[PDB]
Amino acid sequence: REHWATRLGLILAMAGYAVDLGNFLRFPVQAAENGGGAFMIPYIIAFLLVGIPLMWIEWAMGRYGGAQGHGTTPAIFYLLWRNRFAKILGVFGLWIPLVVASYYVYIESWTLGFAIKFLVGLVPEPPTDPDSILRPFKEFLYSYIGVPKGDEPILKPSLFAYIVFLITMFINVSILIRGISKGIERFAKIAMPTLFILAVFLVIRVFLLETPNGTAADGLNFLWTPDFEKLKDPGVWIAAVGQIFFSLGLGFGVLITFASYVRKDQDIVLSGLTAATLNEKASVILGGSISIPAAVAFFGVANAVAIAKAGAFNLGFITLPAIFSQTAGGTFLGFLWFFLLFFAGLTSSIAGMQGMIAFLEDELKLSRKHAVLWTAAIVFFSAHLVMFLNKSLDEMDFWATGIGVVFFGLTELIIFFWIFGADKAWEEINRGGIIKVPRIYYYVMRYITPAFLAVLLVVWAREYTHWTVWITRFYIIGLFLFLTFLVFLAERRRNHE
Ligand SMILES: Fc1ccc([C@@H]2CCNC[C@H]2COc2ccc3c(c2)OCO3)cc1
Ligand code: NA
Ligand code: NA
């Protein structure tokens, strides 16, 4: 079985997964809409009571399963809980990242395409007024995606967009086919430093932006000036718990897969805490210093609220590209921005596709080449639904991350810390640990963490159709059936040998 070569490589690979577009787009918009600097109060709380405890647990389950040659939850859940229902629940940890894969790598290709378009100058050049600058780029994105101009729910992606998606798929395979250390880990050691440099250069250049409408200081001001009156709102405390779950990539089964390549007695306590901390520093320092400040700098603090409400997606793919066409040397600026997002996405996507590669290797005994190619085949095939059927993406993302990760997140806790045994679980986490987990976390993991998660489930249920969503529901239901069949074939192949 493969292992991580260096402790640094392991941390950078784990961080590479956590850090993505959300760090530079989603988190800054979440903060502005939920109290500005005051949003850090429930965010740090959520980080301590939910994020950190669960990540350690997934790291432990990963290393525990990896010692016995299993990197995926269908096999690991069965080791923690000798039951048939444990194998079936495990299918979800194979299903969720695979559902995400169908739209994630595609959106990832958008950044690459946009980076190429910016570098070679194939971008709009307005013209005055805000809508006179934004609309030419609003149409640039819609022509790239193929946003329906009629009543039909049909997307018609450009040939360029489709080809870049092909190229993006290829790049992912290239890294994945070289394995864990010589592939994922090797790339982690290049991308993360490259990422940091790209970010810092943008942070510096954004801080020098000055327009008749405002400055970069106005951006950092609007974003971080606290509004504690919003702390009364339970929705803010829910968004904080949700964002942390989103930020670290919990409940995807990815961390478990990666942790399985950590050797039996190697540290996971300090290693996990370090990687988690990098992701957070990236969000508050790098992520919060670029997108929102640059936007507020150009349009003024008067439109700062309007900008935040327009969402993280509009900000990154419409607003900032418009601003770049109006700034000095913006054409190279746009390339760096989208190059930055691409590498951030590429280090997450190769991790999310590893779980399927691991299953095909560990349980069906396929070669790494075959495992990678068939995984790529499944993801590439599935993506045509996301590329051509409008709002299919929303439907996949809703089941997969809206409730799926949290439900699966709660499933991990109960299976590992309650069914497998809290005492056995606790010894598993701290074993080989450079530092020991604070004893107070024993109660947090066992009661506080699953309670917070269970609350998130209940609010989802109480809170929550055009016929085309049934197409997406049809297929993702089919995937779960197909993966169930593979798990079935796995346990049958094992009885023979
Ligand atoms: F809707 C969303 C929820 C959570 C997130 C996470 C946020 C932190 N960084 C990791 C993100 C998930 O990344 C993935 C996961 C599986 C994948 C993948 C990429 O490509 C193929 O299979 C992104 C989007
Ligand atoms: Na993140
Ligand atoms: Na990434």
# chains A, B, ... in the order shown; residues from 1 in each chain; ligands from 1
>>> residues_near_ligand(ligand="ligand 2", cutoff="9 Å", atoms="only C-alpha atoms and all ligand atoms", output="VMD selection string")
chain A and resid 15 17 to 24 26 to 27 243 to 249 279 to 280 282 to 283
>>> write_last_selection(atoms="N, CA and C atoms", output="PDB file, in the first residue's frame")
ATOM      1  N   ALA A  15      -4.060  20.173   3.031  1.00  0.00           N
ATOM      2  CA  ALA A  15      -4.414  21.585   2.928  1.00  0.00           C
ATOM      3  C   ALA A  15      -4.899  21.904   1.519  1.00  0.00           C
ATOM      4  N   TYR A  17      -6.535  20.079  -0.434  1.00  0.00           N
ATOM      5  CA  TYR A  17      -7.930  19.680  -0.529  1.00  0.00           C
ATOM      6  C   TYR A  17      -8.836  20.747   0.076  1.00  0.00           C
ATOM      7  N   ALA A  18      -8.556  21.122   1.322  1.00  0.00           N
ATOM      8  CA  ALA A  18      -9.359  22.106   2.050  1.00  0.00           C
ATOM      9  C   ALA A  18      -9.447  23.450   1.325  1.00  0.00           C
ATOM     10  N   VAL A  19      -8.302  23.969   0.894  1.00  0.00           N
ATOM     11  CA  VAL A  19      -8.256  25.251   0.195  1.00  0.00           C
ATOM     12  C   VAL A  19      -8.751  25.145  -1.250  1.00  0.00           C
ATOM     13  N   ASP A  20      -9.793  25.906  -1.564  1.00  0.00           N
ATOM     14  CA  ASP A  20     -10.313  25.968  -2.925  1.00  0.00           C
ATOM     15  C   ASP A  20     -10.913  27.346  -3.199  1.00  0.00           C
ATOM     16  N   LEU A  21     -11.857  27.409  -4.134  1.00  0.00           N
ATOM     17  CA  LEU A  21     -12.504  28.669  -4.490  1.00  0.00           C
ATOM     18  C   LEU A  21     -13.199  29.318  -3.293  1.00  0.00           C
ATOM     19  N   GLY A  22     -13.743  28.493  -2.404  1.00  0.00           N
ATOM     20  CA  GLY A  22     -14.476  28.983  -1.248  1.00  0.00           C
ATOM     21  C   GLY A  22     -13.663  29.885  -0.338  1.00  0.00           C
ATOM     22  N   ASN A  23     -12.377  29.579  -0.214  1.00  0.00           N
ATOM     23  CA  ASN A  23     -11.474  30.360   0.617  1.00  0.00           C
ATOM     24  C   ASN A  23     -11.408  31.821   0.173  1.00  0.00           C
ATOM     25  N   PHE A  24     -11.434  32.037  -1.137  1.00  0.00           N
ATOM     26  CA  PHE A  24     -11.263  33.370  -1.702  1.00  0.00           C
ATOM     27  C   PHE A  24     -12.580  34.029  -2.103  1.00  0.00           C
ATOM     28  N   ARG A  26     -16.336  32.299  -1.158  1.00  0.00           N
ATOM     29  CA  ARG A  26     -17.490  31.967  -0.323  1.00  0.00           C
ATOM     30  C   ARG A  26     -17.364  32.545   1.086  1.00  0.00           C
ATOM     31  N   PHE A  27     -16.254  32.250   1.754  1.00  0.00           N
ATOM     32  CA  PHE A  27     -16.020  32.722   3.118  1.00  0.00           C
ATOM     33  C   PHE A  27     -16.100  34.255   3.276  1.00  0.00           C
ATOM     34  N   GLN A 243     -20.453  26.798   7.294  1.00  0.00           N
ATOM     35  CA  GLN A 243     -19.262  27.263   6.587  1.00  0.00           C
ATOM     36  C   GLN A 243     -18.008  26.495   7.004  1.00  0.00           C
ATOM     37  N   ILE A 244     -17.872  26.230   8.302  1.00  0.00           N
ATOM     38  CA  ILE A 244     -16.740  25.460   8.816  1.00  0.00           C
ATOM     39  C   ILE A 244     -16.750  24.048   8.233  1.00  0.00           C
ATOM     40  N   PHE A 245     -17.934  23.453   8.185  1.00  0.00           N
ATOM     41  CA  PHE A 245     -18.104  22.123   7.624  1.00  0.00           C
ATOM     42  C   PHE A 245     -17.702  22.139   6.148  1.00  0.00           C
ATOM     43  N   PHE A 246     -18.106  23.205   5.464  1.00  0.00           N
ATOM     44  CA  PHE A 246     -17.747  23.455   4.072  1.00  0.00           C
ATOM     45  C   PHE A 246     -16.244  23.698   3.911  1.00  0.00           C
ATOM     46  N   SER A 247     -15.701  24.554   4.776  1.00  0.00           N
ATOM     47  CA  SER A 247     -14.326  25.045   4.667  1.00  0.00           C
ATOM     48  C   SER A 247     -13.260  23.951   4.711  1.00  0.00           C
ATOM     49  N   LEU A 248     -13.427  23.002   5.626  1.00  0.00           N
ATOM     50  CA  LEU A 248     -12.433  21.960   5.840  1.00  0.00           C
ATOM     51  C   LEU A 248     -12.690  20.725   4.979  1.00  0.00           C
ATOM     52  N   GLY A 249     -13.871  20.655   4.374  1.00  0.00           N
ATOM     53  CA  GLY A 249     -14.216  19.538   3.517  1.00  0.00           C
ATOM     54  C   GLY A 249     -14.561  18.283   4.297  1.00  0.00           C
ATOM     55  N   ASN A 279      -5.669  26.296   6.201  1.00  0.00           N
ATOM     56  CA  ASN A 279      -6.895  26.581   5.471  1.00  0.00           C
ATOM     57  C   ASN A 279      -7.592  27.822   6.010  1.00  0.00           C
ATOM     58  N   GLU A 280      -7.586  27.971   7.329  1.00  0.00           N
ATOM     59  CA  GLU A 280      -8.235  29.107   7.967  1.00  0.00           C
ATOM     60  C   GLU A 280      -7.458  30.399   7.743  1.00  0.00           C
ATOM     61  N   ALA A 282      -5.581  30.995   5.227  1.00  0.00           N
ATOM     62  CA  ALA A 282      -5.817  31.292   3.820  1.00  0.00           C
ATOM     63  C   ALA A 282      -7.118  32.070   3.641  1.00  0.00           C
ATOM     64  N   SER A 283      -8.149  31.684   4.384  1.00  0.00           N
ATOM     65  CA  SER A 283      -9.444  32.341   4.268  1.00  0.00           C
ATOM     66  C   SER A 283      -9.427  33.776   4.800  1.00  0.00           C
TER      67      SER A 283
END
>>> residues_near_ligand(ligand="ligand 1", cutoff="8 Å", atoms="only C-alpha atoms and all ligand atoms", output="MDAnalysis selection string")
chainID A and resid 16:23 96:105 246:249 252 254 345:346 348:353 379 397:398 400:402
>>> write_last_selection(atoms="C-alpha atoms", output="mmCIF file, in the first residue's frame")
data_model
loop_
_atom_site.group_PDB
_atom_site.id
_atom_site.type_symbol
_atom_site.label_atom_id
_atom_site.label_comp_id
_atom_site.auth_asym_id
_atom_site.auth_seq_id
_atom_site.Cartn_x
_atom_site.Cartn_y
_atom_site.Cartn_z
ATOM 1 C CA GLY A 16 -4.616 21.482 -0.859
ATOM 2 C CA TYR A 17 -7.930 19.680 -0.529
ATOM 3 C CA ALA A 18 -9.359 22.106 2.050
ATOM 4 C CA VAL A 19 -8.256 25.251 0.195
ATOM 5 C CA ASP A 20 -10.313 25.968 -2.925
ATOM 6 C CA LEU A 21 -12.504 28.669 -4.490
ATOM 7 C CA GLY A 22 -14.476 28.983 -1.248
ATOM 8 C CA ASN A 23 -11.474 30.360 0.617
ATOM 9 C CA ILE A 96 -21.049 12.055 -2.195
ATOM 10 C CA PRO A 97 -17.592 12.924 -3.578
ATOM 11 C CA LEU A 98 -18.525 11.224 -6.829
ATOM 12 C CA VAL A 99 -21.694 13.330 -7.133
ATOM 13 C CA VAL A 100 -19.659 16.466 -6.402
ATOM 14 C CA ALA A 101 -17.109 15.351 -9.013
ATOM 15 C CA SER A 102 -19.779 15.609 -11.729
ATOM 16 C CA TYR A 103 -19.960 19.400 -11.424
ATOM 17 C CA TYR A 104 -16.786 20.340 -9.523
ATOM 18 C CA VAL A 105 -14.135 19.493 -12.143
ATOM 19 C CA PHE A 246 -17.747 23.455 4.072
ATOM 20 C CA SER A 247 -14.326 25.045 4.667
ATOM 21 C CA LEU A 248 -12.433 21.960 5.840
ATOM 22 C CA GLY A 249 -14.216 19.538 3.517
ATOM 23 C CA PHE A 252 -16.966 13.864 1.938
ATOM 24 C CA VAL A 254 -11.963 12.509 1.292
ATOM 25 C CA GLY A 345 -9.588 23.721 -7.468
ATOM 26 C CA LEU A 346 -7.131 21.265 -8.990
ATOM 27 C CA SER A 348 -9.228 19.747 -4.296
ATOM 28 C CA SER A 349 -10.437 17.765 -7.325
ATOM 29 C CA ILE A 350 -7.588 15.221 -7.385
ATOM 30 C CA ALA A 351 -8.402 14.526 -3.745
ATOM 31 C CA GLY A 352 -12.115 14.070 -4.359
ATOM 32 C CA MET A 353 -11.446 11.558 -7.111
ATOM 33 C CA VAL A 379 -16.827 11.458 -13.670
ATOM 34 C CA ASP A 397 -25.121 20.002 -5.001
ATOM 35 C CA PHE A 398 -28.255 20.100 -2.847
ATOM 36 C CA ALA A 400 -24.627 15.947 -1.882
ATOM 37 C CA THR A 401 -23.573 18.885 0.284
ATOM 38 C CA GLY A 402 -26.835 20.412 1.510
#
>>> atom_distance(atom1="atom CA of residue 275 of chain A", atom2="atom CA of residue 438 of chain A")
17.9 Å
>>> residues_around(residues="residue 270 of chain A", least_positions_apart="4", cutoff="12 Å", atoms="only C-alpha atoms", output="PyMOL selection string")
chain A and resi 7-8+10-11+52+55-56+59+266+274-277+429-438
>>> write_last_selection(atoms="N, CA, C and O atoms", output="CSV table (one decimal), in the first residue's frame")
chain,number,residue,atom,x,y,z
A,7,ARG,N,6.2,14.3,5.9
A,7,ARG,CA,5.2,14.9,6.7
A,7,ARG,C,4.7,16.3,6.2
A,7,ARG,O,3.6,16.6,6.3
A,8,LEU,N,5.7,17.0,5.5
A,8,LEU,CA,5.3,18.2,4.9
A,8,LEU,C,4.3,18.0,3.7
A,8,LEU,O,3.3,18.7,3.6
A,10,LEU,N,2.3,15.5,3.3
A,10,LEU,CA,1.0,15.1,3.8
A,10,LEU,C,0.2,16.3,4.2
A,10,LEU,O,-1.0,16.4,3.8
A,11,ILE,N,0.8,17.3,4.9
A,11,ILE,CA,0.1,18.5,5.4
A,11,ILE,C,-0.3,19.3,4.2
A,11,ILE,O,-1.5,19.8,4.1
A,52,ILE,N,-12.7,21.1,14.1
A,52,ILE,CA,-11.5,20.4,14.6
A,52,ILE,C,-11.8,19.0,15.2
A,52,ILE,O,-11.1,18.0,14.9
A,55,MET,N,-12.6,16.5,12.1
A,55,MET,CA,-11.5,16.3,11.2
A,55,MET,C,-10.5,15.3,11.9
A,55,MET,O,-10.0,14.4,11.2
A,56,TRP,N,-10.2,15.4,13.2
A,56,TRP,CA,-9.4,14.5,13.9
A,56,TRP,C,-10.0,13.1,13.8
A,56,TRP,O,-9.3,12.1,13.5
A,59,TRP,N,-9.5,11.7,10.3
A,59,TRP,CA,-8.1,11.3,10.2
A,59,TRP,C,-7.8,10.0,10.9
A,59,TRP,O,-7.0,9.2,10.4
A,266,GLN,N,2.2,7.0,12.7
A,266,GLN,CA,2.6,8.3,12.4
A,266,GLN,C,1.5,9.3,12.9
A,266,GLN,O,0.3,9.0,13.0
A,274,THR,N,-2.4,21.3,12.0
A,274,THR,CA,-1.7,22.2,11.2
A,274,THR,C,-2.4,22.5,9.9
A,274,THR,O,-2.6,23.6,9.5
A,275,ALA,N,-2.7,21.4,9.2
A,275,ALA,CA,-3.4,21.5,7.9
A,275,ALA,C,-4.7,22.3,8.0
A,275,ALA,O,-5.1,23.1,7.1
A,276,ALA,N,-5.5,22.1,9.1
A,276,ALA,CA,-6.7,22.8,9.3
A,276,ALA,C,-6.5,24.3,9.5
A,276,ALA,O,-7.2,25.1,9.1
A,277,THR,N,-5.3,24.6,10.2
A,277,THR,CA,-5.0,26.0,10.5
A,277,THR,C,-4.6,26.8,9.2
A,277,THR,O,-4.9,27.9,9.1
A,429,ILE,N,-7.1,8.1,18.1
A,429,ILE,CA,-6.8,9.4,17.7
A,429,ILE,C,-5.4,9.9,18.2
A,429,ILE,O,-4.6,10.4,17.4
A,430,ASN,N,-5.1,9.7,19.5
A,430,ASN,CA,-3.9,10.2,20.1
A,430,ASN,C,-2.7,9.3,19.9
A,430,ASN,O,-1.6,9.8,20.1
A,431,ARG,N,-2.9,8.1,19.5
A,431,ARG,CA,-1.8,7.2,19.3
A,431,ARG,C,-0.8,7.7,18.2
A,431,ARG,O,-1.2,8.1,17.1
A,432,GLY,N,0.5,7.8,18.6
A,432,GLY,CA,1.6,8.3,17.8
A,432,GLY,C,1.6,9.8,17.6
A,432,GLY,O,2.3,10.3,16.9
A,433,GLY,N,0.7,10.4,18.4
A,433,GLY,CA,0.5,11.9,18.3
A,433,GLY,C,1.7,12.6,18.9
A,433,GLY,O,2.0,12.4,20.1
A,434,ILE,N,2.3,13.5,18.2
A,434,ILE,CA,3.3,14.4,18.6
A,434,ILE,C,2.9,15.2,19.8
A,434,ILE,O,3.6,15.4,20.8
A,435,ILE,N,1.6,15.7,19.7
A,435,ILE,CA,1.0,16.4,20.8
A,435,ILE,C,-0.3,15.6,21.1
A,435,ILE,O,-0.8,14.8,20.3
A,436,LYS,N,-0.8,15.6,22.4
A,436,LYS,CA,-2.0,14.9,22.7
A,436,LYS,C,-3.2,15.8,22.7
A,436,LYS,O,-3.1,17.0,22.9
A,437,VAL,N,-4.3,15.3,22.3
A,437,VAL,CA,-5.6,16.0,22.2
A,437,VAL,C,-6.0,16.4,23.6
A,437,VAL,O,-6.1,15.5,24.5
A,438,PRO,N,-6.3,17.7,23.8
A,438,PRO,CA,-6.8,18.1,25.1
A,438,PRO,C,-8.0,17.3,25.6
A,438,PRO,O,-8.9,16.9,24.8
>>> closest_residue(among="A:288, A:231, A:422, A:340", to="ligand 3", atoms="only C-alpha atoms and all ligand atoms")
A:340
>>> atom_distance(atom1="atom CA of residue 167 of chain A", atom2="atom CA of residue 72 of chain A")
28.0 Å
>>> closest_residue(among="A:135, A:263, A:370, A:186", to="residue 60 of chain A", atoms="only C-alpha atoms")
A:263
>>> atom_distance(atom1="atom CA of residue 151 of chain A", atom2="atom CA of residue 465 of chain A")
16.0 Å
>>> residues_around(residues="residue 257 of chain A", least_positions_apart="4", cutoff="8 Å", atoms="only C-alpha atoms", output="PyMOL selection string")
chain A and resi 62+71-72+253+261+354-355+358
>>> write_last_selection(atoms="C-alpha atoms", output="short mmCIF file (atom, residue, chain, number, x, y, z; two decimals), in the first residue's frame")
data_model
loop_
_atom_site.label_atom_id
_atom_site.label_comp_id
_atom_site.auth_asym_id
_atom_site.auth_seq_id
_atom_site.Cartn_x
_atom_site.Cartn_y
_atom_site.Cartn_z
CA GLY A 62 -8.64 6.87 7.80
CA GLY A 71 -9.12 3.57 2.26
CA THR A 72 -12.90 3.85 1.84
CA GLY A 253 -14.95 10.83 2.95
CA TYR A 261 -2.05 6.67 3.38
CA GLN A 354 -8.93 9.64 -5.00
CA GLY A 355 -11.69 8.00 -2.95
CA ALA A 358 -8.86 3.88 -3.67
#
>>> select_by_dssp(residues="segment 191-400 of chain A", states="helix (DSSP H, G or I)", output="ChimeraX atom specification")
/A:191-206,216-224,228-232,234-248,254-259,269-299,301-309,311-324,330-352,354-362,368-388,392-400
>>> closest_residue(among="A:86, A:328, A:190, A:13", to="ligand 3", atoms="only C-alpha atoms and all ligand atoms")
A:13
>>> closest_residue(among="A:289, A:392, A:225, A:314", to="residue 37 of chain A", atoms="only C-alpha atoms")
A:225
>>> closest_residue(among="A:235, A:316, A:421, A:179", to="residue 34 of chain A", atoms="only C-alpha atoms")
A:235
>>> closest_residue(among="A:188, A:216, A:200, A:89", to="ligand 3", atoms="only C-alpha atoms and all ligand atoms")
A:188
>>> residues_around(residues="residue 1 of chain A", least_positions_apart="3", cutoff="9 Å", atoms="only C-alpha atoms", output="PyMOL selection string")
chain A and resi 66+69+261+362
>>> write_last_selection(atoms="N, CA, C and O atoms", output="short mmCIF file (atom, residue, chain, number, x, y, z; two decimals), in the first residue's frame")
data_model
loop_
_atom_site.label_atom_id
_atom_site.label_comp_id
_atom_site.auth_asym_id
_atom_site.auth_seq_id
_atom_site.Cartn_x
_atom_site.Cartn_y
_atom_site.Cartn_z
N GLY A 66 -6.72 2.30 6.90
CA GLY A 66 -5.57 2.17 6.03
C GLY A 66 -4.57 1.13 6.49
O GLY A 66 -3.89 0.51 5.68
N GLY A 69 -5.56 -2.00 5.06
CA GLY A 69 -5.59 -2.00 3.61
C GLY A 69 -6.86 -1.47 2.98
O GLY A 69 -7.19 -1.81 1.84
N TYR A 261 -3.41 6.78 3.91
CA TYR A 261 -2.05 6.67 3.38
C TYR A 261 -1.03 7.18 4.38
O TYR A 261 0.17 7.25 4.10
N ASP A 362 -8.39 -0.93 -3.58
CA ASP A 362 -8.39 -1.69 -2.33
C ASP A 362 -9.39 -2.85 -2.31
O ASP A 362 -9.09 -3.91 -1.77
#
